[PDB]
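Worksheet: one structure, shown below.
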Protein chains: 4
Amino acid sequence: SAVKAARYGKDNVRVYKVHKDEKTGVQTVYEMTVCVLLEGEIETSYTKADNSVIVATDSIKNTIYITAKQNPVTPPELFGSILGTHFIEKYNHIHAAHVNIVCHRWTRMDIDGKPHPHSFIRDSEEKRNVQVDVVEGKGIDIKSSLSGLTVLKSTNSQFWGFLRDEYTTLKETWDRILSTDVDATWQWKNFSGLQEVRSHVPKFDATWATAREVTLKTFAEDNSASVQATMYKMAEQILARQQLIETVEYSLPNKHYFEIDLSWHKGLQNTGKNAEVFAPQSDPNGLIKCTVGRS
Amino acid sequence: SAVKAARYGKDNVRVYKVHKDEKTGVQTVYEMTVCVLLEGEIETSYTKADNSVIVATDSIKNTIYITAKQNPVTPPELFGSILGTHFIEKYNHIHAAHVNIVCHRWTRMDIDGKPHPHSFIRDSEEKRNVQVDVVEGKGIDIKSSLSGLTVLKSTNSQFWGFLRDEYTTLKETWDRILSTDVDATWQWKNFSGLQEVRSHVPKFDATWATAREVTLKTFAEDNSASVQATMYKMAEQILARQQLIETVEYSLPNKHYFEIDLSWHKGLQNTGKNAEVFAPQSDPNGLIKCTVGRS
Amino acid sequence: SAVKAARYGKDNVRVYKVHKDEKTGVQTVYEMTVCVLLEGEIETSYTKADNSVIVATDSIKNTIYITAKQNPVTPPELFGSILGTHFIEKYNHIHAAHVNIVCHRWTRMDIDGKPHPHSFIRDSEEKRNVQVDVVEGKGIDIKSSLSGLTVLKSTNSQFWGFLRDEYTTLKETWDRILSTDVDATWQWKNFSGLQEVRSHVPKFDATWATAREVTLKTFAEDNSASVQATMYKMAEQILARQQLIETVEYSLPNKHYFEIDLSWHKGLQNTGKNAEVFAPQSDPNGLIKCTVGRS
Amino acid sequence: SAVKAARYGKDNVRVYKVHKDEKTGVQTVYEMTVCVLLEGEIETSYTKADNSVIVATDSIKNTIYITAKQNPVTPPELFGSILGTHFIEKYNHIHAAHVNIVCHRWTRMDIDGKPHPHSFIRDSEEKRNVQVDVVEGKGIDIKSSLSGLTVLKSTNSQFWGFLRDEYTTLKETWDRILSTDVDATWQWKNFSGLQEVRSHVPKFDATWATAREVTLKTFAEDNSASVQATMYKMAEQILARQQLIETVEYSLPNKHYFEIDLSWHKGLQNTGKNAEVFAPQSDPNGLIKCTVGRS
Ligand SMILES: O=c1[nH]c(=O)c2nn[nH]c2[nH]1
Ligand SMILES: O=c1[nH]c(=O)c2nn[nH]c2[nH]1
Ligand SMILES: O=c1[nH]c(=O)c2nn[nH]c2[nH]1
Ligand SMILES: O=c1[nH]c(=O)c2nn[nH]c2[nH]1
Ligand code: NA
Ligand code: NA
Ligand code: NA
Ligand code: NA
């Protein structure tokens with residue numbers, strides 16, 4: 001037997017950082033969960049009990065805090081690139097670092113219509129994420145994403161004209177509820193190293209904001225022929241607005257809301273045009289994916 | 001042996017309702033999870049296998065949908081009172097109904113600064129809840145609550161002057177992070193029945209809004225001497241603003257963020273006045289409760 | 001306004017303890033999650049920002065570890081009583097302690113048919129719990145429970161003869177699946193203090209074991225007329241076997257498995273006597289409770 | 001823009017099946033959660049709103065139940081292969097099916113030392129899983145796994161001799177707790193189609209059983225030099241015992257239990273050789289992975 005692949009490191013490292021403006025008294029907080037996994041010439045720790053090649057996972061944890069102390073933590077694409085680069089430069093025998101960051105929302109509170117200097121609210125479990133792969137001699141690959149964005153529209157969704165055979169019971173419809181949890185990922189062109197990532201810093205927050213806006217607007221305005229058709233429209237627009245993105249991937253559950261036939265009870269009408277009360281279904285759910293790239 | 005207490009019914013009944021304004025084209029959605037438990041002369045179903053006294057839990061589920069079809073579902077205090085009253089009036093041998101409702105957020109989307117007519121977003125897992133106990137001959141007891149409101153302030157919290165003995169390691173502090181998940185419940189004066197609940201309908205949404213506002217403002221503005229002292233200020237204000245509330249109860253975790261001493265690494269300064277990077281602690285957590293009533 | 005009730009302390013304190021037999025080399029592990037909440041003359045911490053009355057929640061955490069170091073942690077009824085008694089005796093102004101303990105399973109591994117001296121497996125998320133209320137001048141009240149015991153029987157459950165009216169669609173049945181998650185609590189007679197709890201130590205593990213055995217056997221062997229009827233049989237037996245128990249409470253979800261009509265597809269028969277494939281339902285669920293005491 | 005990849009289908013389809021032996025009266029239950037995602041010539045549903053190419057996800061759900069009705073559901077490697085093959089053969093334009101199955105434990109109850117004919121218990125959340133990829137013209141690729149196997153050993157784990165630099169605070173140790181949740185996957189050699197999968201049916205359950213046994217025994221008996229070294233020993237043995245496996249992958253968290261220094265309190269000794277009470281850490285955790293193949 002032989003080691004074909006190996007990676008190890010520290011997961012679920014929670015980190016908070018505060019920035020204090022002395023001039024204005026305004027404070028800004030950031031909170032993330034970080035995972036760092038390393039690869040390189042470490043096979044002997046598995047095969048020969050040779051720990052001399054192991055940077056302890058405990059040390060990886062220390063490094064994350066030290067790096068957060070000495071560097072900006074935003075945008076997360078930059079912080080992840082700094083963190084991954086550190087490991088491949090510091091250790092001769094480590095050749096790849098894989099950094100995953102989940103950013104948690106702490107939105108400044110408005111009190112009496114004024115932004116509060118140091119109080120924050122968690123408005124939704126929506127996350128902004130990055131995956132950064134730093135590979136020695138091959139640059140920096142960054143995937144940025146948003147996840148946990150939960151939306152619903154109560155009309156202007158249709159689904160008809162699908163394949164019908166002996167397995168099909170689903171009725172065609174011209175008016176249904178559409179609800180999903182959005183997971184959207186945009187993959188950046190490969191960067192040559194940290195200097196190049198730094199050169200594009202302003203694009204990261206702007207592209208996140210654009211991706212979010214395009215997702216929300218398209219969902220709200222499309223008279224949707226299917227999840228497939230609406231998601232493609234979203235991806236097409238993001239690619240048009242940011243030339244440095246190579247691909248956009250969406251993964252969308254179709255969270256079903258079923259009509260409830262109440263006609264057995266005093267002829268009560270609650271289906272089709274008379275449908276008012278529905279039963280949200282926890283499971284099963286449709287799952288629709290697509291990856292869109294350039295011609 | 002004897003049956004000392006018994007209750008049974010249906011839990012986790014998910015319900016969605018849409019309202020469609022034909023004049024404006026605007027749609028509004030409501031989504032809840034409902035639990036209904038009944039009590040009454042049902043002991044024989046346990047002791048003698050006498051099912052004749054059982055209103056099937058499946059029928060309770062049907063009733064929830066039918067009731068939602070025929071009545072407004074907002075405010076939830078009203079819907080819960082209608083639902084509970086139904087069971088005690090319809091069935092001679094059922095003498096109490098206990099209705100719990102959790103309301104989920106579906107907030108209308110703003111697209112290009114305009115409210116969208118039929119598209120919604122789940123902005124946070126914060127819930128609005130009610131517990132309604134309808135007891136034959138004793139009226140309607142309603143407890144309203146908000147839960148899952150997660151907040152953090154980065155300064156203007158202190159904790160000093162506590163008891164110190166041989167069990168104490170905690171250092172006094174004049175500047176710390178304070179973060180919590182708010183669970184706040186206000187208990188209404190007993191209502192004589194449905195007519196009286198109907199007479200107070202406008203107070204329900206207004207009092208929820210007030211409770212939320214007072215919680216957020218007091219948290220943001222108090223230079224907090226402790227969780228205990230700040231929560232009492234909140235409760236005092238809610239009681240002052242709504243005479244029909246008898247008691248206010250808060251249950252607050254103290255979600256700790258620990259300083260990280262980095263001085264072992266090149267004398268890096270990250271404690272006290274130099275603290276920038278902290279470690280959020282998943283557990284354990286302080287838990288502080290209080291119930292405030294009128295003199 | 002006035003403080004009507006207040007309690008505070010530390011929740012989610014995870015504790016592991018190992019016992020090492022030097023003679024045999026055998027090791028035994030215990031892992032728990034502990035919550036301690038205190039009450040007493042502490043109103044001024046809420047109303048006057050008087051922290052001098054507060055035993056810091058951090059100190060409560062320290063106390064839990066120190067107490068676990070100096071005392072046996074099993075049975076949990078004893079450990080909880082020691083822990084609660086500590087607070088009311090040590091602090092003049094603390095008059096009640098409320099201790100909740102959740103015990104996690106670490107079952108010794110069998111390797112080649114022999115019990116291993118120091119290796120353990122988590123066989124199921126079933127928990128053994130205690131709630132201990134220690135109140136100055138009123139003794140020690142203990143509620144013991146098991147929870148998270150998930151069972152299913154594929155036949156020998158019936159449900160017919162229930163009330164039928166205009167809200168009823170459920171068909172009567174003489175053969176169905178019955179599945180539940182068992183939550184069972186037995187409440188001990190009040191104990192005068194720690195000496196009396198110590199005197200009954202052997203009864204705690206024995207009664208837990210009996211409660212579990214009676215639950216499993218009755219579930220498996222009863223040709224069940226309803227959840228109500230089967231649960232009553234369980235409670236009756238536990239009360240008969242342990243005279244020091246005053247009441248037994250069961251809370252049981254009815255986790256539904258629905259038949260799937262497949263007759264639309266080539267006349268496939270999958271209902272009633274031909275039912276083989278079913279759809280487990282995540283929600284809603286029946287919820288049936290009862291508390292049984294002595295005549 | 002162009003569609004680079006697309007797949008869609010139904011997730012979270014819960015299925016239960018009962019087998020009834022008429023001769024013995026013994027019943028056996030199976031419960032799974034199934035996901036099926038399809039690929040093929042479906043790009044136009046995304047780009048042109050052409051639903052004619054879509055096999056509705058609702059129909060995929062129906063198919064899963066019908067297939068379970070007409071075929072054995074065990075071993076899951078066989079059921080997944082039957083299910084995936086169905087879609088690529090039935091639909092000309094579907095060229096790949098991806099089937100994921102999670103099998104839930106329902107272990108027959110022992111009542112009075114005898115196996116019960118129709119009563120079952122969920123002994124642990126450990127799962128047995130399969131991933132089956134059926135690709136037209138390329139055969140059947142099967143990955144089998146176990147997950148959610150949670151173990152702990154209280155001694156006979158060491159960790160010393162790792163890299164020490166200016167980022168390192170971890171002390172070397174010759175005696176620590178080791179606890180993990182095992183995720184282990186074995187990948188079968190490619191099969192040419194369903195006939196070949198059928199020919200190897202007895203190997204599936206046997207290899208699962210072997211993988212489990214080797215994992216438990218090696219964990220219990222190895223005087224572990226690191227997670228890395230112990231996991232490699234496991235993988236090596238599985239590959240030696242089943243020639244039809246090509247690779248074995250383990251992914252193991254290192255769930256830390258920290259010593260608690262109590263010496264500040266009356267010189268209490270609770271570290272090193274005197275360590276009895278520990279604090280389990282919820283996060284962060286080490287994460288160690290490896291994939292082992294043949295020379
Ligand atoms: O077994 C271990 N492997 C590791 O890589 C490691 N790093 N810190 N502690 C550890 N323990
Ligand atoms: O055992 C049951 N008890 C009940 O009260 C009930 N109601 N519907 N189905 C049921 N099954
Ligand atoms: O606000 C607080 N209240 C308390 O009771 C406490 N105990 N430790 N830290 C604390 N902070
Ligand atoms: O938008 C949808 N896409 C689908 O593929 C599908 N299948 N069933 N319902 C559906 N809705
Ligand atoms: Na390197
Ligand atoms: Na009545
Ligand atoms: Na006292
Ligand atoms: Na095909």
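Residue names in the structure tokens use chain letters A, B, ... in the order shown, residue numbers from 1 in each chain, and ligand numbers from 1 in the order shown.
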
- Task: Give the residues of chain A that lie within 7 Å of chain D; count only C-alpha atoms, and format the answer as a PyMOL selection string.
- Result: chain A and resi 1-13+45-47+49+51-59+62-63+161-163+167-170+225+228-229+232+236+283-295

Could you pull out the residues sitting within 8 Å of ligand 6, using only C-alpha atoms and all ligand atoms, and write them as a PDB file with N, CA, C and O atoms, in the first residue's frame?
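Printed below is result.pdb as written:
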```pdb
ATOM      1  N   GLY B  40     -58.829  17.002  28.987  1.00  0.00           N
ATOM      2  CA  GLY B  40     -60.243  16.951  29.405  1.00  0.00           C
ATOM      3  C   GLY B  40     -60.532  15.576  29.960  1.00  0.00           C
ATOM      4  O   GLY B  40     -59.663  14.940  30.582  1.00  0.00           O
ATOM      5  N   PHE B  87     -61.796  24.129  20.080  1.00  0.00           N
ATOM      6  CA  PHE B  87     -61.792  22.776  20.658  1.00  0.00           C
ATOM      7  C   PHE B  87     -62.621  22.650  21.926  1.00  0.00           C
ATOM      8  O   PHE B  87     -63.230  21.628  22.131  1.00  0.00           O
ATOM      9  N   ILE B  88     -62.598  23.665  22.772  1.00  0.00           N
ATOM     10  CA  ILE B  88     -63.341  23.567  24.028  1.00  0.00           C
ATOM     11  C   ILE B  88     -64.845  23.748  23.784  1.00  0.00           C
ATOM     12  O   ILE B  88     -65.653  23.177  24.513  1.00  0.00           O
ATOM     13  N   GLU B  89     -65.212  24.475  22.737  1.00  0.00           N
ATOM     14  CA  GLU B  89     -66.647  24.641  22.412  1.00  0.00           C
ATOM     15  C   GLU B  89     -67.215  23.479  21.614  1.00  0.00           C
ATOM     16  O   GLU B  89     -68.383  23.099  21.791  1.00  0.00           O
ATOM     17  N   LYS B  90     -66.408  22.910  20.722  1.00  0.00           N
ATOM     18  CA  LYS B  90     -66.886  21.862  19.856  1.00  0.00           C
ATOM     19  C   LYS B  90     -67.055  20.546  20.598  1.00  0.00           C
ATOM     20  O   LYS B  90     -68.000  19.797  20.324  1.00  0.00           O
ATOM     21  N   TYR B  91     -66.163  20.257  21.544  1.00  0.00           N
ATOM     22  CA  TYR B  91     -66.175  18.953  22.195  1.00  0.00           C
ATOM     23  C   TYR B  91     -66.522  19.098  23.656  1.00  0.00           C
ATOM     24  O   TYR B  91     -65.795  19.737  24.415  1.00  0.00           O
ATOM     25  N   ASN B  92     -67.649  18.497  24.044  1.00  0.00           N
ATOM     26  CA  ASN B  92     -68.135  18.604  25.410  1.00  0.00           C
ATOM     27  C   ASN B  92     -67.108  18.183  26.456  1.00  0.00           C
ATOM     28  O   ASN B  92     -67.005  18.821  27.514  1.00  0.00           O
ATOM     29  N   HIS B  93     -66.328  17.145  26.146  1.00  0.00           N
ATOM     30  CA  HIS B  93     -65.449  16.525  27.130  1.00  0.00           C
ATOM     31  C   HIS B  93     -64.017  17.080  27.119  1.00  0.00           C
ATOM     32  O   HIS B  93     -63.186  16.692  27.944  1.00  0.00           O
ATOM     33  N   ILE B  94     -63.733  17.974  26.180  1.00  0.00           N
ATOM     34  CA  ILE B  94     -62.458  18.670  26.172  1.00  0.00           C
ATOM     35  C   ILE B  94     -62.611  19.987  26.901  1.00  0.00           C
ATOM     36  O   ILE B  94     -63.455  20.808  26.529  1.00  0.00           O
ATOM     37  N   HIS B  95     -61.789  20.184  27.929  1.00  0.00           N
ATOM     38  CA  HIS B  95     -61.909  21.337  28.797  1.00  0.00           C
ATOM     39  C   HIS B  95     -60.731  22.311  28.743  1.00  0.00           C
ATOM     40  O   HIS B  95     -60.814  23.384  29.311  1.00  0.00           O
ATOM     41  N   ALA B  96     -59.632  21.949  28.072  1.00  0.00           N
ATOM     42  CA  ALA B  96     -58.526  22.897  27.941  1.00  0.00           C
ATOM     43  C   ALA B  96     -57.838  22.656  26.611  1.00  0.00           C
ATOM     44  O   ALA B  96     -57.757  21.517  26.162  1.00  0.00           O
ATOM     45  N   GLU B 136     -61.764  26.008  29.919  1.00  0.00           N
ATOM     46  CA  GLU B 136     -63.210  26.179  30.047  1.00  0.00           C
ATOM     47  C   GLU B 136     -63.561  26.751  31.406  1.00  0.00           C
ATOM     48  O   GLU B 136     -63.137  26.230  32.436  1.00  0.00           O
TER      49      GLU B 136
END
```

- Query: Quick one: DSSP helix (DSSP H, G or I) residues in stretch 2-180 of chain D, as number ranges by chain?
  - Reply: D: 43-47, 51-53, 57-70, 76-90

- Name the residues of stretch 72-210 of chain C that come out as strand (DSSP E) in a backbone DSSP run; write them as an MDAnalysis selection string. chainID C and resid 94:104 107:111 114:121 127:135 139:153 178:188

- One-decimal distance in Å that lies between atom CA of residue D:246 and atom CA of residue D:86: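 For atom CA of residue D:86 relative to atom CA of residue D:246, the distance reads 25.9 Å.
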
- Neighbours of residue D:220 within 12 Å (only C-alpha atoms; same-chain residues fewer than 5 positions away dropped), as a list in words? residues 108, 109, 110, 111, 112, 114, 115, 116, 117, 118, 119, 120 and 121 of chain C; 151, 152, 153, 154, 155, 156, 157, 178, 179, 213, 214, 215, 230, 231 and 234 of chain D

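Distances to ligand 7 were evaluated for C:135, C:83, C:64, C:29 using only C-alpha atoms and all ligand atoms, and the minimum falls at C:135.
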
- Rounded to one decimal place, report the atom CA of residue D:73-atom CA of residue D:122 distance in Å.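 Pair atom CA of residue D:73 / atom CA of residue D:122 returns 18.7 Å.
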
- Contacts of residue C:72 at 10 Å or less, counting only C-alpha atoms, minus same-chain residues fewer than 5 places along, as a ChimeraX atom specification? /C:17,19,67,78-79,82

- Task: Could you check which of B:21, B:172, B:141, B:222 is closest to ligand 3, using only C-alpha atoms and all ligand atoms?
- Result: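 Under the stated criterion, the closest residue is B:172.
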
- Message: Neighbouring residues of residue D:18 were defined as those with any atom within 9 Å, considering only C-alpha atoms; residues of the same chain fewer than 3 positions away were excluded. Please report them as a list in words.
- Response: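 Those residues are residues 154, 275, 276, 277 and 278 of chain C; 27, 28, 29, 30 and 31 of chain D.
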
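With only C-alpha atoms and all ligand atoms as the atoms that count, the minimum distance from ligand 4 to the choices A:69, A:198, A:128, A:256 is reached by A:256.
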
- How far is it from atom CA of residue A:15 to atom CA of residue A:202, in Å with one decimal?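 Distance reported for this atom pair: 23.2 Å.
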
- Message: If we count only C-alpha atoms and set the cut-off at 7 Å, which residues sit around residue C:84, ignoring sequence neighbours fewer than 4 positions away in its own chain? Please answer as a list in words.
- Response: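 Here the qualifying residues turn out to be residues 80, 88, 97, 98, 99 and 134 of chain C.
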